[PDB]
Amino acid sequence: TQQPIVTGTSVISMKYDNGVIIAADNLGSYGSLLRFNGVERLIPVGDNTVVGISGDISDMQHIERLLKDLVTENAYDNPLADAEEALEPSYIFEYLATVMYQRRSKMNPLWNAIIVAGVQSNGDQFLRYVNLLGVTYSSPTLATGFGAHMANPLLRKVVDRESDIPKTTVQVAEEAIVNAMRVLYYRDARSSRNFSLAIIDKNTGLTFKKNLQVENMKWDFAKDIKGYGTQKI
Amino acid sequence: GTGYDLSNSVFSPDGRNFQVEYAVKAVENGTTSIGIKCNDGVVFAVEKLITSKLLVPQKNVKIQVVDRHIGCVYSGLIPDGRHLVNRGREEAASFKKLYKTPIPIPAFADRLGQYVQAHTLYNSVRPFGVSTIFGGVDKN
């Protein structure tokens, strides 16, 4: 049993016609204090998988080290480490899923909610969630913590069921993700303006975008708001 | 008398360990493997005896990687070499886990050195039947 100290907030993701998009802000919160601003919470594994992690950052850094070892260990006595026997999103997920459930079962959890986004070798979009309890699920849209409450509702308007995935482009999907990040910056008190965004396409490969900022914010209407009811000036 | 060569850790009257020198014969019997240190790196090469046309070309790989920066090739008993690299990999992982930086080549060398030397301290184990050529690039 433990308690989380330095924490990262929402990780949001969805799948489109050709691949998957995943995003997460660059903040490390120490309770109410917005302590660290240069924190990357999207961990790329090879060139076909991005692991987005929310929760305790100390446990995140541990999982980050476990993944770099999984790459190293996979390359050992493996002449097809960069071809047929490269790490798959499904391989990386099931490993993390196994660890998370073992740790909960020893009453010493990794205080995290993880989304494994990537594209399989056969071009299939992979997107699956796992948390400190070892609970796992897949959906056309996935989001952790606050994202589950605000991001999912918005991303489900673009892809409500499976049949909507081939109808969704990279432009439409990314635009929906970038909008959802702004909405989280409005209403999540443990969120940041600066975020990272990763696209894994089955054609263009892995595109990792750093130092993105929430833009086009509506604040102008604030000037007109005065008092809490009866105040006129 | 004699019998100084029947047990591993036993010193002969001339201060030699015959079981170690017998292991060298197993190495000398084996395939030839080399290493060349160039101006900014190292090159490893090995002979692969084609027993028959039935051996799948380019498949039975002998040169093994430790971490991502160290190459290891050996001559003699191939299983004994694999057992040493298995240990080397555990040894390199242990180092990186505590110190963050990937294991320096001299540091890694002594790690294999102490493990192989340990298999000459007791009569309950056999010495390694391989000479291992290894190396790579580090900080300096």
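See the structure shown above.
Quick summary incoming for the structure in this document.

How each quantity is defined
Residues numbered from 1 in each chain as written, not as in the entry; some residues may be left out. Chains lettered and ligands numbered in written order. Part of a larger assembly, values for the part shown. Heavy atoms only, no water. Pairing = 2+ DSSP bridges. Helix = DSSP H or I, 4+ residues; strand = E, 2+ residues; numbered from the N terminus. Axes fitted to C-alpha atoms, helices over the stretch in contact; angles between N-to-C directions. Contact = heavy atoms within 4.5 Å. Expected span 1.5 Å × (residues − 1). Buried < 20%, exposed > 50% of the residue type's maximum accessible area, 1.4 Å probe, protein only. Arc of directions from axis to C-beta. Buried area = accessible area lost by both parts, 1.4 Å probe. Salt bridge = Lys/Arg side-chain N within 4 Å of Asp/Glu carboxyl O. Polar contact = N/O pair within 3.5 Å; in protein donor to acceptor, adjacent residues only side chain to side chain.

## Here we look at the sheet that holds strand β5 (residues 130–136) of chain B
Residue and element names in this part refer to chain B. Strand order in the open sheet formed by 3 strands is β3-β4-β5, and the pairing between neighbours is antiparallel. If you trace the sheet from one side to the other, it starts and ends with β3 (64–66) and β5, each paired once. Sheet twist, expressed as the average angle between the axes of neighbouring strands with direction ignored, equals 30 degrees. Pairing of strand β4 (residues 70–76) with β5, which is carried by 7 bridges, proceeds in the antiparallel orientation. Within β5, the position partnered with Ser75 by the bridge is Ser131. The strands touched by helix α2 (residues 78–99) within the sheet are β3, β4 and β5, with β3 carrying the most contacts at an inclination of about 20 degrees. Most of the contacts of helix α3 (residues 105–118) go to β5, to which it runs at about 160 degrees, and overall it touches β3, β4 and β5.

## Quick look at helix α2 (residues 89–105) of chain A
Residue and element names in this part refer to chain A. The terminal C-alpha atoms of α2, which comprises 17 residues, lie 24 Å apart, in line with the 24 Å expected from a rise of 1.5 Å per residue. Within the sequence span of α2, burial applies to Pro89, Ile92, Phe93, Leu96, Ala97, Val99 and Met100. Seen along its axis, α2 keeps its buried residues to an arc of 165 degrees; they face one direction. As for α2, its buried residues are in contact with β7 (49–56), α1 (57–75), β8 (112–119), β9 (125–131) and β10 (136–137). A positive phi of about 60 degrees marks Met107, the residue just after α2.

## Thoughts on the interface of chain A and chain B
Counting residues at the interface gives 8 residues for chain A and 9 residues for chain B. Across the chain A/chain B interface, buried area totals approximately 760 Å², and carbon plus sulfur atoms make up 49% of it. By the criterion of area lost to chain B, the three top residues of chain A are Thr72, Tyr76 and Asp77 of chain A, representing 62% of everything that side buries. Inspection of the region where chain A meets chain B yields 2 salt bridges.

## Structural notes on the side chain of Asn78 of chain A
Residues and elements named next belong to chain A. Mapped onto the elements, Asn78 comes out in the loop between α1 and α2. You can call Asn78 buried: its relative accessible area is 16%. Polar contacts involving the side chain of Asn78 include one to the main-chain carbonyl oxygen of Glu85, which spans 3.0 Å.

It is worth stressing that arrangement in space is one thing and function is another; only the former is reported here.
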